[PDB]
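Asks: Here you go, one structure.
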Amino acid sequence: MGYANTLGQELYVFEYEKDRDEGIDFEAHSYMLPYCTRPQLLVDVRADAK
Amino acid sequence: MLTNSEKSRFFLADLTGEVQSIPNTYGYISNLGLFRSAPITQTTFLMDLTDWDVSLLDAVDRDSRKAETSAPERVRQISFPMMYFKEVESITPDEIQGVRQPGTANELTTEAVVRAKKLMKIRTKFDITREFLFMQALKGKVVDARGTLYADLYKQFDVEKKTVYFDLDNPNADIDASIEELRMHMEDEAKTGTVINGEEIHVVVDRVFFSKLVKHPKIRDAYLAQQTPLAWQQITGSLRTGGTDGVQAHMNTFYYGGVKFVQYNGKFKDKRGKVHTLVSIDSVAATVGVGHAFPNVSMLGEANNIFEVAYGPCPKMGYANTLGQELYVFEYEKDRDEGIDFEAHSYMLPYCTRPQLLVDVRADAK
Amino acid sequence: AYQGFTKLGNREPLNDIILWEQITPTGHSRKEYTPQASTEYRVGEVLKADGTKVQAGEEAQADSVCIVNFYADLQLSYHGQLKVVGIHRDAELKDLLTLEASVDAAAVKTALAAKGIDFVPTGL
């Protein structure tokens, strides 16, 4: 709820109680996508004939 | 402020804002102040009824030394239930994640705006329900929009109901006779024990009844033949000189025989889809004129108020025996910051203590 | 209310029907009956010699008029007394008799009048 329209982060961490003090919970979130803007510069290389 | 064009993402067009349509609300009776607020700390209440009567006296011979005697009075008791209303609403992050505001170009929605809008909607709904319940109580039977029967005053107090027929369709029908019948009924059936002036009453009617009454030849000629400002104003002026309901700034009004007629157009829609006209009378075709008459507050004074509203407490903790309030609003936070949820509560019952003074009026004749 | 109305019942009649009676150190015009089982008594009811109420066909057996409201389930009157009390001798009472079904009032009144009991015609 508190992060609906905020800037992204490398890794979110949250902590919550389990009611009646029986324990604690953890959560990890990430929303990422890597990409290259010059794909023509990526070339495969092989050590076999044609 | 600029936004993307209609058929190209590389060109911009100007946005000029928004226009909103808001549904009509009427709330006429709620503003008259007829119904007093009587909060209570219980889920039910009682009342006591006392009656006695007298009759003429018969002559007896002097020497016989016989006499007569009067019977004792009768005491009775009654009770009432009350109606409970509740509704729920919630807000979740998906309502504000990337959702543009209608009236802007690139501004996002926020929690505060949704909160305010939803609370306003809740308040509007509760006001509409209160108005409908007040009108139903004035009719004499309190029934929920779903159709459930909660109170039947004409049976709670052992008494009947009266209907007055005007026969406006007949050109020769006289209206003063019906008006006098209404006045005598109101003056005689009170049995308050004090002098009563029946001239102080409200008469609320619908569109068809008002038109038929105004256009009757006998009324029109009588008001046309008189040279006085009242005659001029009604015949050729504007009849919209009353107060304001929730929509229009003036309500149609007509004066005749010392009685004041008002036209009320209030209507609401049930969630089933049907329309609930406020001034209608049960099981009568809408083509026939219909009205309702009830006494003014000054007809008996605050010492003998006739209309009341009761308010009960909320079922939640901390309100076990509190005095009660018109409306409760609560908010709670969802688990692990998932959203917000609201609640609105109400508990009330409007009633009347002398239901025999409520008279219905009809335009047809029987 | 389920039917739209609730009624908690009317107040029981109060003992005021007696206009005149023979005052005496011991009640000369009053008699005591042993309350019959499962019978509810109220002011103004007519009782036979055995304490049971008078039904149709036996008005000639009317004996006395009840005076105290008696609750059967408690076996106790509303004043906490153990017995039913009724008028069985000369007296003047308001004409507020309560009778069972198909009981002829005239016959009961004629039978009682033989014992000296007169009824004053109450107004409205």
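Just so we're on the same page: first chain in the structure tokens is A, next is B, and so on; residues restart at 1 for each chain, and ligands are numbered from 1 in the order they show up.
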Hey, list the chain A side of the contact with chain B: 7 Å cut-off, only C-alpha atoms, answer as a count of residues only.

Replies: 4

Asks: With only C-alpha atoms as the counted atoms, please give the residues lying no more than 9 Å from residue 351 in chain B, apart from itself and same-chain residues fewer than 4 positions off, as a ChimeraX atom specification.

Replies: /B:35,134,137-138,140-142,151,153,306-310,355

Asks: Include C-alpha atoms and write out the residues we just selected as a CSV table (one decimal), in the first residue's frame.

Replies:
```
chain,number,residue,atom,x,y,z
B,35,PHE,CA,-39.1,14.5,13.8
B,134,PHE,CA,-39.2,9.3,7.4
B,137,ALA,CA,-43.3,6.5,8.8
B,138,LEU,CA,-45.4,9.5,7.9
B,140,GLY,CA,-48.3,5.2,8.8
B,141,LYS,CA,-46.5,1.9,8.2
B,142,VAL,CA,-42.7,1.5,8.6
B,151,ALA,CA,-44.0,-1.4,12.7
B,153,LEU,CA,-49.1,1.8,14.0
B,306,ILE,CA,-46.2,13.6,18.2
B,307,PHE,CA,-43.2,12.6,16.0
B,308,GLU,CA,-40.0,11.1,17.4
B,309,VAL,CA,-36.9,9.2,16.2
B,310,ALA,CA,-35.1,6.7,18.4
B,355,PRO,CA,-51.4,7.6,14.0
```

Asks: If you take only C-alpha atoms and a cut-off of 8 Å, which residues of chain B touch chain C, and what are their nearest atom pairs and distances in Å to one decimal, in chain and number order, as JSON lines?

Replies:
```
{"residue": "B:53", "atom": "CA", "partner": "C:124", "partner_atom": "CA", "distance": 6.5}
{"residue": "B:54", "atom": "CA", "partner": "C:124", "partner_atom": "CA", "distance": 5.5}
{"residue": "B:55", "atom": "CA", "partner": "C:124", "partner_atom": "CA", "distance": 5.4}
{"residue": "B:57", "atom": "CA", "partner": "C:123", "partner_atom": "CA", "distance": 7.8}
{"residue": "B:67", "atom": "CA", "partner": "C:120", "partner_atom": "CA", "distance": 7.4}
{"residue": "B:68", "atom": "CA", "partner": "C:122", "partner_atom": "CA", "distance": 5.7}
{"residue": "B:69", "atom": "CA", "partner": "C:122", "partner_atom": "CA", "distance": 4.4}
{"residue": "B:70", "atom": "CA", "partner": "C:123", "partner_atom": "CA", "distance": 4.5}
{"residue": "B:71", "atom": "CA", "partner": "C:124", "partner_atom": "CA", "distance": 6.0}
{"residue": "B:74", "atom": "CA", "partner": "C:11", "partner_atom": "CA", "distance": 7.3}
{"residue": "B:75", "atom": "CA", "partner": "C:11", "partner_atom": "CA", "distance": 5.8}
{"residue": "B:76", "atom": "CA", "partner": "C:10", "partner_atom": "CA", "distance": 4.8}
{"residue": "B:77", "atom": "CA", "partner": "C:8", "partner_atom": "CA", "distance": 5.7}
{"residue": "B:78", "atom": "CA", "partner": "C:7", "partner_atom": "CA", "distance": 5.1}
{"residue": "B:79", "atom": "CA", "partner": "C:6", "partner_atom": "CA", "distance": 5.7}
{"residue": "B:80", "atom": "CA", "partner": "C:1", "partner_atom": "CA", "distance": 6.7}
{"residue": "B:81", "atom": "CA", "partner": "C:1", "partner_atom": "CA", "distance": 5.9}
{"residue": "B:149", "atom": "CA", "partner": "C:4", "partner_atom": "CA", "distance": 5.9}
{"residue": "B:150", "atom": "CA", "partner": "C:4", "partner_atom": "CA", "distance": 5.1}
{"residue": "B:151", "atom": "CA", "partner": "C:4", "partner_atom": "CA", "distance": 4.2}
{"residue": "B:152", "atom": "CA", "partner": "C:4", "partner_atom": "CA", "distance": 4.7}
{"residue": "B:153", "atom": "CA", "partner": "C:5", "partner_atom": "CA", "distance": 7.5}
{"residue": "B:155", "atom": "CA", "partner": "C:5", "partner_atom": "CA", "distance": 6.3}
{"residue": "B:156", "atom": "CA", "partner": "C:5", "partner_atom": "CA", "distance": 4.9}
```

Asks: Please produce a file of those selected residues containing N, CA and C atoms, as a PDB file, in the first residue's frame.

Replies:
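This is the output file out_1.pdb:
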```
ATOM      1  N   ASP B  53     -63.875   7.320  29.314  1.00  0.00           N
ATOM      2  CA  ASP B  53     -64.963   7.912  28.550  1.00  0.00           C
ATOM      3  C   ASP B  53     -66.122   8.239  29.480  1.00  0.00           C
ATOM      4  N   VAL B  54     -67.000   9.124  29.006  1.00  0.00           N
ATOM      5  CA  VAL B  54     -68.182   9.543  29.744  1.00  0.00           C
ATOM      6  C   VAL B  54     -69.386   9.485  28.815  1.00  0.00           C
ATOM      7  N   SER B  55     -70.566   9.386  29.420  1.00  0.00           N
ATOM      8  CA  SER B  55     -71.819   9.289  28.681  1.00  0.00           C
ATOM      9  C   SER B  55     -72.868  10.120  29.411  1.00  0.00           C
ATOM     10  N   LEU B  57     -76.451  11.111  31.353  1.00  0.00           N
ATOM     11  CA  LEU B  57     -76.962  10.659  32.640  1.00  0.00           C
ATOM     12  C   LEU B  57     -78.474  10.521  32.552  1.00  0.00           C
ATOM     13  N   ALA B  67     -79.301   5.442  41.682  1.00  0.00           N
ATOM     14  CA  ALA B  67     -78.291   6.293  41.066  1.00  0.00           C
ATOM     15  C   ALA B  67     -77.591   5.519  39.957  1.00  0.00           C
ATOM     16  N   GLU B  68     -76.521   6.115  39.436  1.00  0.00           N
ATOM     17  CA  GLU B  68     -75.701   5.533  38.384  1.00  0.00           C
ATOM     18  C   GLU B  68     -74.245   5.551  38.823  1.00  0.00           C
ATOM     19  N   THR B  69     -73.389   4.922  38.020  1.00  0.00           N
ATOM     20  CA  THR B  69     -71.968   4.862  38.322  1.00  0.00           C
ATOM     21  C   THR B  69     -71.189   4.775  37.017  1.00  0.00           C
ATOM     22  N   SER B  70     -69.928   5.197  37.067  1.00  0.00           N
ATOM     23  CA  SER B  70     -69.063   5.206  35.896  1.00  0.00           C
ATOM     24  C   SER B  70     -68.044   4.076  35.971  1.00  0.00           C
ATOM     25  N   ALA B  71     -67.765   3.468  34.821  1.00  0.00           N
ATOM     26  CA  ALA B  71     -66.808   2.379  34.762  1.00  0.00           C
ATOM     27  C   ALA B  71     -65.382   2.909  34.924  1.00  0.00           C
ATOM     28  N   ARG B  74     -58.949   2.201  31.581  1.00  0.00           N
ATOM     29  CA  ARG B  74     -58.214   1.079  31.013  1.00  0.00           C
ATOM     30  C   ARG B  74     -56.768   1.494  30.779  1.00  0.00           C
ATOM     31  N   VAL B  75     -55.832   0.660  31.226  1.00  0.00           N
ATOM     32  CA  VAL B  75     -54.404   0.896  31.058  1.00  0.00           C
ATOM     33  C   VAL B  75     -53.819  -0.237  30.227  1.00  0.00           C
ATOM     34  N   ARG B  76     -52.905   0.108  29.323  1.00  0.00           N
ATOM     35  CA  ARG B  76     -52.330  -0.858  28.399  1.00  0.00           C
ATOM     36  C   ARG B  76     -50.873  -0.494  28.147  1.00  0.00           C
ATOM     37  N   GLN B  77     -50.123  -1.456  27.610  1.00  0.00           N
ATOM     38  CA  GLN B  77     -48.693  -1.296  27.387  1.00  0.00           C
ATOM     39  C   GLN B  77     -48.324  -1.865  26.023  1.00  0.00           C
ATOM     40  N   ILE B  78     -47.243  -1.336  25.445  1.00  0.00           N
ATOM     41  CA  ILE B  78     -46.809  -1.730  24.108  1.00  0.00           C
ATOM     42  C   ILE B  78     -45.287  -1.723  24.023  1.00  0.00           C
ATOM     43  N   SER B  79     -44.750  -2.136  22.875  1.00  0.00           N
ATOM     44  CA  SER B  79     -43.309  -2.242  22.686  1.00  0.00           C
ATOM     45  C   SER B  79     -42.974  -2.031  21.217  1.00  0.00           C
ATOM     46  N   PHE B  80     -41.690  -1.774  20.948  1.00  0.00           N
ATOM     47  CA  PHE B  80     -41.214  -1.500  19.598  1.00  0.00           C
ATOM     48  C   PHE B  80     -39.857  -2.144  19.340  1.00  0.00           C
ATOM     49  N   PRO B  81     -39.652  -2.734  18.153  1.00  0.00           N
ATOM     50  CA  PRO B  81     -38.293  -3.099  17.733  1.00  0.00           C
ATOM     51  C   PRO B  81     -37.608  -1.944  17.018  1.00  0.00           C
ATOM     52  N   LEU B 149     -41.918  -5.809   7.132  1.00  0.00           N
ATOM     53  CA  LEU B 149     -42.753  -4.988   8.001  1.00  0.00           C
ATOM     54  C   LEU B 149     -42.165  -4.982   9.405  1.00  0.00           C
ATOM     55  N   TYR B 150     -41.843  -3.793   9.906  1.00  0.00           N
ATOM     56  CA  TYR B 150     -41.270  -3.626  11.236  1.00  0.00           C
ATOM     57  C   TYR B 150     -42.240  -3.024  12.238  1.00  0.00           C
ATOM     58  N   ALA B 151     -43.052  -2.054  11.826  1.00  0.00           N
ATOM     59  CA  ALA B 151     -44.026  -1.430  12.709  1.00  0.00           C
ATOM     60  C   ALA B 151     -45.318  -1.179  11.948  1.00  0.00           C
ATOM     61  N   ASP B 152     -46.445  -1.443  12.609  1.00  0.00           N
ATOM     62  CA  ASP B 152     -47.780  -1.206  12.058  1.00  0.00           C
ATOM     63  C   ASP B 152     -48.550  -0.404  13.102  1.00  0.00           C
ATOM     64  N   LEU B 153     -48.515   0.922  12.967  1.00  0.00           N
ATOM     65  CA  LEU B 153     -49.071   1.786  14.002  1.00  0.00           C
ATOM     66  C   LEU B 153     -50.572   1.576  14.160  1.00  0.00           C
ATOM     67  N   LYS B 155     -52.251  -0.963  14.032  1.00  0.00           N
ATOM     68  CA  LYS B 155     -52.497  -2.125  14.877  1.00  0.00           C
ATOM     69  C   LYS B 155     -51.849  -1.999  16.247  1.00  0.00           C
ATOM     70  N   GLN B 156     -50.677  -1.366  16.329  1.00  0.00           N
ATOM     71  CA  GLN B 156     -50.056  -1.126  17.628  1.00  0.00           C
ATOM     72  C   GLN B 156     -51.003  -0.352  18.533  1.00  0.00           C
TER      73      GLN B 156
END
```

Asks: Set the distance at 9 Å and use only C-alpha atoms: which residues neighbour residue 26 in chain A once local chain neighbours fewer than 4 positions away are removed? I'd like the list as a PyMOL selection string.

Replies: chain A and resi 13-16

Asks: Leaving out range 198-201 of chain B and any residue of its chain fewer than 4 positions from it, which residues lie within 6 Å of it when counting only C-alpha atoms, given as a list in words?

Replies: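 Neighbouring residues, sequence-local ones excluded: residues 183, 186, 187, 294, 295, 296 and 299 of chain B.
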
Asks: Range 257-263 of chain B: which residues within 9 Å, counting only C-alpha atoms, same-chain residues fewer than 5 positions away excluded, as a PDB file with N, CA, C and O atoms, in the first residue's frame?

Replies:
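To be explicit, this is the file written out as around.pdb:
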```pdb
ATOM      1  N   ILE B 175     -65.156  21.206  -3.389  1.00  0.00           N
ATOM      2  CA  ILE B 175     -63.920  20.893  -2.680  1.00  0.00           C
ATOM      3  C   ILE B 175     -64.000  21.310  -1.217  1.00  0.00           C
ATOM      4  O   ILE B 175     -63.413  20.661  -0.345  1.00  0.00           O
ATOM      5  N   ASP B 176     -64.724  22.395  -0.932  1.00  0.00           N
ATOM      6  CA  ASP B 176     -64.856  22.849   0.445  1.00  0.00           C
ATOM      7  C   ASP B 176     -65.443  21.765   1.335  1.00  0.00           C
ATOM      8  O   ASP B 176     -65.101  21.684   2.518  1.00  0.00           O
ATOM      9  N   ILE B 179     -62.541  19.520   2.237  1.00  0.00           N
ATOM     10  CA  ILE B 179     -61.642  20.230   3.142  1.00  0.00           C
ATOM     11  C   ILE B 179     -62.234  20.274   4.545  1.00  0.00           C
ATOM     12  O   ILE B 179     -61.530  20.059   5.541  1.00  0.00           O
ATOM     13  N   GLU B 199     -56.868  23.980  11.436  1.00  0.00           N
ATOM     14  CA  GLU B 199     -56.383  24.721  10.279  1.00  0.00           C
ATOM     15  C   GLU B 199     -54.883  24.558  10.074  1.00  0.00           C
ATOM     16  O   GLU B 199     -54.374  24.920   9.008  1.00  0.00           O
ATOM     17  N   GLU B 200     -54.168  24.030  11.064  1.00  0.00           N
ATOM     18  CA  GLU B 200     -52.713  23.899  11.012  1.00  0.00           C
ATOM     19  C   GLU B 200     -52.379  22.466  10.610  1.00  0.00           C
ATOM     20  O   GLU B 200     -52.284  21.572  11.450  1.00  0.00           O
ATOM     21  N   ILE B 201     -52.192  22.249   9.309  1.00  0.00           N
ATOM     22  CA  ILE B 201     -51.847  20.938   8.778  1.00  0.00           C
ATOM     23  C   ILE B 201     -51.029  21.114   7.506  1.00  0.00           C
ATOM     24  O   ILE B 201     -51.168  22.108   6.787  1.00  0.00           O
ATOM     25  N   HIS B 202     -50.168  20.138   7.237  1.00  0.00           N
ATOM     26  CA  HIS B 202     -49.475  20.044   5.963  1.00  0.00           C
ATOM     27  C   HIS B 202     -50.261  19.139   5.026  1.00  0.00           C
ATOM     28  O   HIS B 202     -50.844  18.141   5.457  1.00  0.00           O
ATOM     29  N   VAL B 203     -50.275  19.492   3.744  1.00  0.00           N
ATOM     30  CA  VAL B 203     -50.937  18.699   2.712  1.00  0.00           C
ATOM     31  C   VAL B 203     -49.954  18.580   1.554  1.00  0.00           C
ATOM     32  O   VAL B 203     -49.777  19.529   0.783  1.00  0.00           O
ATOM     33  N   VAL B 204     -49.318  17.421   1.428  1.00  0.00           N
ATOM     34  CA  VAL B 204     -48.328  17.166   0.387  1.00  0.00           C
ATOM     35  C   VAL B 204     -48.958  16.247  -0.650  1.00  0.00           C
ATOM     36  O   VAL B 204     -49.473  15.176  -0.310  1.00  0.00           O
ATOM     37  N   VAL B 205     -48.913  16.660  -1.917  1.00  0.00           N
ATOM     38  CA  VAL B 205     -49.546  15.929  -3.006  1.00  0.00           C
ATOM     39  C   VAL B 205     -48.540  15.739  -4.131  1.00  0.00           C
ATOM     40  O   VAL B 205     -47.429  16.271  -4.103  1.00  0.00           O
ATOM     41  N   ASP B 206     -48.950  14.963  -5.132  1.00  0.00           N
ATOM     42  CA  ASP B 206     -48.108  14.663  -6.278  1.00  0.00           C
ATOM     43  C   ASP B 206     -48.443  15.587  -7.449  1.00  0.00           C
ATOM     44  O   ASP B 206     -49.228  16.530  -7.330  1.00  0.00           O
ATOM     45  N   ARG B 207     -47.836  15.306  -8.602  1.00  0.00           N
ATOM     46  CA  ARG B 207     -47.972  16.180  -9.762  1.00  0.00           C
ATOM     47  C   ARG B 207     -49.401  16.179 -10.295  1.00  0.00           C
ATOM     48  O   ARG B 207     -50.000  17.239 -10.518  1.00  0.00           O
ATOM     49  N   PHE B 209     -52.298  15.261  -8.976  1.00  0.00           N
ATOM     50  CA  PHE B 209     -53.263  15.858  -8.062  1.00  0.00           C
ATOM     51  C   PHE B 209     -53.168  17.377  -8.095  1.00  0.00           C
ATOM     52  O   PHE B 209     -54.187  18.076  -8.134  1.00  0.00           O
ATOM     53  N   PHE B 210     -51.944  17.904  -8.081  1.00  0.00           N
ATOM     54  CA  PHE B 210     -51.760  19.350  -8.100  1.00  0.00           C
ATOM     55  C   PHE B 210     -52.325  19.957  -9.377  1.00  0.00           C
ATOM     56  O   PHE B 210     -53.019  20.979  -9.339  1.00  0.00           O
ATOM     57  N   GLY B 242     -42.562  28.123  -2.890  1.00  0.00           N
ATOM     58  CA  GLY B 242     -42.313  27.408  -1.658  1.00  0.00           C
ATOM     59  C   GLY B 242     -40.836  27.336  -1.325  1.00  0.00           C
ATOM     60  O   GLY B 242     -39.993  28.028  -1.899  1.00  0.00           O
ATOM     61  N   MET B 251     -40.763  24.946  -4.394  1.00  0.00           N
ATOM     62  CA  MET B 251     -41.759  23.894  -4.547  1.00  0.00           C
ATOM     63  C   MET B 251     -43.103  24.519  -4.893  1.00  0.00           C
ATOM     64  O   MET B 251     -43.479  25.548  -4.321  1.00  0.00           O
ATOM     65  N   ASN B 252     -43.822  23.901  -5.827  1.00  0.00           N
ATOM     66  CA  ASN B 252     -45.121  24.417  -6.229  1.00  0.00           C
ATOM     67  C   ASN B 252     -46.046  24.522  -5.025  1.00  0.00           C
ATOM     68  O   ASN B 252     -46.154  23.587  -4.227  1.00  0.00           O
ATOM     69  N   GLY B 291     -52.247  12.219  -2.163  1.00  0.00           N
ATOM     70  CA  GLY B 291     -51.566  13.110  -1.242  1.00  0.00           C
ATOM     71  C   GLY B 291     -51.649  12.571   0.167  1.00  0.00           C
ATOM     72  O   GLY B 291     -52.351  11.598   0.448  1.00  0.00           O
TER      73      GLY B 291
END
```

Asks: Using DSSP on the backbone coordinates, identify the residues of range 26-169 of chain B assigned to strand (DSSP E or B); present them as a CSV table (one decimal) with N, CA, C and O atoms, in the first residue's frame.

Replies:
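This went into part_27.csv:
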```
chain,number,residue,atom,x,y,z
B,36,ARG,N,-38.3,14.8,16.1
B,36,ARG,CA,-37.3,15.0,17.1
B,36,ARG,C,-36.4,13.9,17.3
B,36,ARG,O,-36.7,12.7,17.0
B,37,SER,N,-35.2,14.1,17.9
B,37,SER,CA,-34.2,13.1,18.1
B,37,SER,C,-34.3,12.7,19.6
B,37,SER,O,-34.2,13.5,20.5
B,38,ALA,N,-34.5,11.4,19.8
B,38,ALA,CA,-34.7,10.8,21.1
B,38,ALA,C,-33.8,9.6,21.3
B,38,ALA,O,-34.2,8.4,21.2
B,39,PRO,N,-32.5,9.8,21.5
B,39,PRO,CA,-31.5,8.7,21.6
B,39,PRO,C,-31.8,7.9,22.9
B,39,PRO,O,-32.3,8.5,23.9
B,45,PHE,N,-38.0,-0.2,23.6
B,45,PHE,CA,-38.7,0.8,24.5
B,45,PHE,C,-40.1,0.5,24.6
B,45,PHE,O,-40.7,-0.2,23.7
B,46,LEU,N,-40.8,1.0,25.7
B,46,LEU,CA,-42.1,0.7,26.0
B,46,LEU,C,-42.9,2.0,26.1
B,46,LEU,O,-42.4,3.1,26.1
B,47,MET,N,-44.3,1.9,26.2
B,47,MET,CA,-45.1,3.0,26.3
B,47,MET,C,-46.4,2.5,27.1
B,47,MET,O,-46.7,1.4,27.1
B,48,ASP,N,-47.1,3.5,27.7
B,48,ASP,CA,-48.3,3.2,28.5
B,48,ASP,C,-49.4,4.1,27.9
B,48,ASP,O,-49.2,5.2,27.5
B,49,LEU,N,-50.6,3.4,27.8
B,49,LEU,CA,-51.8,4.1,27.2
B,49,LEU,C,-52.9,4.1,28.2
B,49,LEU,O,-53.2,3.0,28.8
B,50,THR,N,-53.6,5.2,28.3
B,50,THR,CA,-54.6,5.4,29.3
B,50,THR,C,-55.9,5.9,28.6
B,50,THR,O,-55.8,6.9,27.8
B,51,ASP,N,-57.0,5.3,28.9
B,51,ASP,CA,-58.3,5.7,28.2
B,51,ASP,C,-59.4,5.8,29.3
B,51,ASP,O,-59.4,5.0,30.2
B,69,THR,N,-73.4,4.9,38.0
B,69,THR,CA,-72.0,4.9,38.3
B,69,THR,C,-71.2,4.8,37.0
B,69,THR,O,-71.7,4.3,36.0
B,74,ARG,N,-58.9,2.2,31.6
B,74,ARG,CA,-58.2,1.1,31.0
B,74,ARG,C,-56.8,1.5,30.8
B,74,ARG,O,-56.5,2.6,30.2
B,75,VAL,N,-55.8,0.7,31.2
B,75,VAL,CA,-54.4,0.9,31.1
B,75,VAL,C,-53.8,-0.2,30.2
B,75,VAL,O,-54.2,-1.4,30.4
B,76,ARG,N,-52.9,0.1,29.3
B,76,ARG,CA,-52.3,-0.9,28.4
B,76,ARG,C,-50.9,-0.5,28.1
B,76,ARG,O,-50.4,0.6,28.4
B,77,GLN,N,-50.1,-1.5,27.6
B,77,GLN,CA,-48.7,-1.3,27.4
B,77,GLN,C,-48.3,-1.9,26.0
B,77,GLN,O,-49.0,-2.8,25.5
B,78,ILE,N,-47.2,-1.3,25.4
B,78,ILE,CA,-46.8,-1.7,24.1
B,78,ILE,C,-45.3,-1.7,24.0
B,78,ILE,O,-44.6,-1.3,25.0
B,79,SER,N,-44.7,-2.1,22.9
B,79,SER,CA,-43.3,-2.2,22.7
B,79,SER,C,-43.0,-2.0,21.2
B,79,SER,O,-43.8,-2.1,20.3
B,80,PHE,N,-41.7,-1.8,20.9
B,80,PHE,CA,-41.2,-1.5,19.6
B,80,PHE,C,-39.9,-2.1,19.3
B,80,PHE,O,-39.0,-2.1,20.2
B,83,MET,N,-34.6,-0.9,13.7
B,83,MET,CA,-34.0,-1.3,12.4
B,83,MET,C,-32.5,-1.0,12.4
B,83,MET,O,-32.1,0.1,12.9
B,84,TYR,N,-31.7,-1.9,11.9
B,84,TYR,CA,-30.3,-1.8,11.9
B,84,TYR,C,-29.8,-1.8,10.4
B,84,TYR,O,-30.2,-2.6,9.6
B,85,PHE,N,-28.9,-0.9,10.1
B,85,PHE,CA,-28.3,-0.7,8.8
B,85,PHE,C,-26.8,-0.8,8.9
B,85,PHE,O,-26.2,-0.3,9.9
B,86,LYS,N,-26.2,-1.3,7.9
B,86,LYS,CA,-24.7,-1.5,7.9
B,86,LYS,C,-24.2,-1.6,6.4
B,86,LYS,O,-25.0,-2.1,5.6
B,87,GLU,N,-23.0,-1.2,6.2
B,87,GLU,CA,-22.4,-1.4,4.9
B,87,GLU,C,-20.9,-1.3,5.0
B,87,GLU,O,-20.4,-0.8,6.0
B,88,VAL,N,-20.2,-1.8,4.0
B,88,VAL,CA,-18.8,-2.0,4.1
B,88,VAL,C,-18.1,-1.4,2.8
B,88,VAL,O,-18.8,-1.4,1.7
B,89,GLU,N,-16.9,-1.0,2.9
B,89,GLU,CA,-16.1,-0.6,1.7
B,89,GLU,C,-14.6,-0.7,2.0
B,89,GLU,O,-14.2,-0.7,3.2
B,90,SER,N,-13.8,-0.8,1.0
B,90,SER,CA,-12.4,-1.0,1.1
B,90,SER,C,-11.6,-0.3,0.0
B,90,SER,O,-12.2,0.0,-1.0
B,91,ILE,N,-10.4,-0.1,0.3
B,91,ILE,CA,-9.4,0.5,-0.6
B,91,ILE,C,-8.2,-0.4,-0.7
B,91,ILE,O,-7.6,-0.8,0.4
B,100,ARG,N,-4.7,7.1,-13.8
B,100,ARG,CA,-4.7,8.5,-14.0
B,100,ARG,C,-5.9,9.2,-13.4
B,100,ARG,O,-7.0,8.6,-13.4
B,108,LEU,N,-1.3,11.2,-10.9
B,108,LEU,CA,-1.8,9.9,-10.5
B,108,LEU,C,-2.8,10.1,-9.3
B,108,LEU,O,-2.8,11.1,-8.6
B,141,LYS,N,-47.1,3.2,8.1
B,141,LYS,CA,-46.5,1.9,8.2
B,141,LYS,C,-45.0,2.0,7.9
B,141,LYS,O,-44.6,2.6,6.9
B,142,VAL,N,-44.2,1.4,8.8
B,142,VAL,CA,-42.7,1.5,8.6
B,142,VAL,C,-42.3,0.1,8.1
B,142,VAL,O,-42.4,-0.9,8.7
B,143,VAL,N,-41.9,0.1,6.8
B,143,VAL,CA,-41.4,-1.1,6.1
B,143,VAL,C,-40.1,-0.7,5.4
B,143,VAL,O,-40.0,0.3,4.8
B,149,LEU,N,-41.9,-5.8,7.1
B,149,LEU,CA,-42.8,-5.0,8.0
B,149,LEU,C,-42.2,-5.0,9.4
B,149,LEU,O,-42.0,-6.0,10.0
B,150,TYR,N,-41.8,-3.8,9.9
B,150,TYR,CA,-41.3,-3.6,11.2
B,150,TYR,C,-42.2,-3.0,12.2
B,150,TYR,O,-42.3,-3.4,13.4
B,151,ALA,N,-43.1,-2.1,11.8
B,151,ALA,CA,-44.0,-1.4,12.7
B,151,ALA,C,-45.3,-1.2,11.9
B,151,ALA,O,-45.3,-0.8,10.8
B,152,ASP,N,-46.4,-1.4,12.6
B,152,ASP,CA,-47.8,-1.2,12.1
B,152,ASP,C,-48.5,-0.4,13.1
B,152,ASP,O,-49.2,-1.0,14.0
B,162,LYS,N,-58.3,6.9,7.8
B,162,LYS,CA,-59.4,7.6,7.0
B,162,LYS,C,-58.8,8.1,5.7
B,162,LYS,O,-57.6,8.5,5.6
B,163,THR,N,-59.6,8.0,4.6
B,163,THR,CA,-59.3,8.5,3.3
B,163,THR,C,-60.3,9.4,2.9
B,163,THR,O,-61.5,9.2,3.1
B,164,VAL,N,-59.9,10.5,2.2
B,164,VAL,CA,-60.8,11.6,1.7
B,164,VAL,C,-60.7,11.6,0.2
B,164,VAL,O,-59.6,11.7,-0.4
B,165,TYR,N,-61.9,11.6,-0.4
B,165,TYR,CA,-62.0,11.6,-1.9
B,165,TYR,C,-62.5,13.0,-2.3
B,165,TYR,O,-63.4,13.5,-1.7
```

Asks: For range 62-65 of chain C, find every residue with an atom within 7 Å (counting only C-alpha atoms), except residues of its own chain fewer than 5 positions away, and show them as a PyMOL selection string.

Replies: chain C and resi 44-49+54+86-88+108+111-112

Asks: I'd like the interatomic distance between CA of residue 136 in chain B and CA of residue 271 in chain B, to a tenth of an Å.

Replies: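 Computing it gives 17.6 Å between the two atoms.
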
Asks: Residues within 12 Å of residue 76 in chain C, please, as a ChimeraX atom specification. Count only C-alpha atoms; anything in the same chain fewer than 2 positions from it doesn't count.

Replies: /C:34-41,68-74,78-84

Asks: Record the distance separating CA of residue 321 in chain B and CA of residue 343 in chain B, expressed in Å with one decimal.

Replies: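 Going from CA of residue 321 in chain B over to CA of residue 343 in chain B, I get 20.2 Å.
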
Asks: Please, which residues of range 236-335 of chain B, numbered as in this document, come out helix (DSSP H, G or I) from DSSP, as a short mmCIF file (atom, residue, chain, number, x, y, z; two decimals) with C-alpha atoms, in the first residue's frame?

Replies:
```cif
data_model
loop_
_atom_site.label_atom_id
_atom_site.label_comp_id
_atom_site.auth_asym_id
_atom_site.auth_seq_id
_atom_site.Cartn_x
_atom_site.Cartn_y
_atom_site.Cartn_z
CA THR B 236 -51.11 34.63 -14.00
CA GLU B 302 -43.58 20.85 22.03
CA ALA B 303 -45.25 19.82 25.30
CA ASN B 304 -47.17 17.20 23.27
#
```
